[PDB]
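Only one chain is shown below, in structure tokens, and it's the form deposited in one PDB entry.
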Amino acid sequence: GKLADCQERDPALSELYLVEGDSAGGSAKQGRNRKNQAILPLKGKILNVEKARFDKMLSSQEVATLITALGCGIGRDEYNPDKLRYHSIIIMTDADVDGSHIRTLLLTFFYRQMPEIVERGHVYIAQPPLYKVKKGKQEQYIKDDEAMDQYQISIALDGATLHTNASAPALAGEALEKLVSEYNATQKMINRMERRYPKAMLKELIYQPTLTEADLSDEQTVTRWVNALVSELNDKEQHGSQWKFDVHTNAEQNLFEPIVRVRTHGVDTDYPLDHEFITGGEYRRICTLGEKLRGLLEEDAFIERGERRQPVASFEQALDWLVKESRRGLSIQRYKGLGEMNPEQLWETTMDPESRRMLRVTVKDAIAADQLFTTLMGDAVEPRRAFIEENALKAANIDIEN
């Protein structure tokens, strides 16, 4: 039954793995420690015990083999968690959406059919890597995209990077790195809310000064700010766009209704701005960052790069050039699945007892878990659809602005 049993007969120091796919199973068998480790490949997606009747569960081959491997019974008057084998159980699925679906199916089976095993804490989840980085000598593995981004930013400022503005400033580490990190955070904040506004307007508002609501007036003051913004936007284009504006008053404040048009005979007819937008904290942090981010570069400016010097304005291109310099002699690989990894990599990345990383599964509350399992894995479409709609991107549009 594709089971590669272990050598240790004591049911307190053995392990069991539920590998996804056949190539990954073969590689795990190749690279395992045969003394106290077992393997059980899964060929495809398994039955959903939440929907299936009890009669059909016993007929299925996959769950039958799993029950035989575990050694405990199934059903009332036959289940006996005392007579247990393989006190450690690890999932170790792929790092894509299908892997997560398989993980949910396995967790549903373990919770519904054998609650005591999950309660006592014998279920673990592995965490293989995604990216591999090589630089000749220094090579390593990186999990998730966020860690890769952090590594890239750190390598961008791994020594050197002394930004000389006018005569001889020296940020010298902390100032430059902290400014870059805060800039990346603000860029992420802009990107998460990018749907509701254009990128050009948000990217130009940081360079513009504060709104100065104190001196605002119906005439001679409302027009100046909006006209300055529109003039600054118009003269930086490459797609044949156009920015125009109009303003109005409603006896409380002087509100703006800017308009833009590009590659379309239609028109939005409004990008309204009033007290609500200025009162928001997003604009406050944008202005706070823009106070530091101004035209500090004089007629002469450069960066004391390693045996390099690129004196230009438009610091974004300088950042891209620095990234290119960091990536000049760097090698990056993105794994596709567990099959690609060789047995040595699998042994040294997940199956090593003294360098691996895992997660332990625990149960906090019973009624909440039962309700969630019934809602998501049940055979009633409407609660599931409502739950998906509630937690959609609208719930992701959190207006904390921080």
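Note that residue numbering begins at 1 and tracks the sequence as displayed. The term rigid core refers to the most C-alpha atoms you can superpose between the two forms while keeping them within 1.5 Å.
If you look for the form deposited in another entry, you will not find it shown, but the lines that follow are about it.
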Just one of 218, 98, 116, 149 has a CA that shifts 2 Å or more between the shown form and the other one on a core fit; which is it?
218
Does the C-alpha of residue 132 move 2 Å or more between the shown form and the other one once the rigid core is lined up?
no
For residue 252, does the CA position differ by 2 Å or more between the shown form and the other one when the superposition is done on the rigid core?
yes
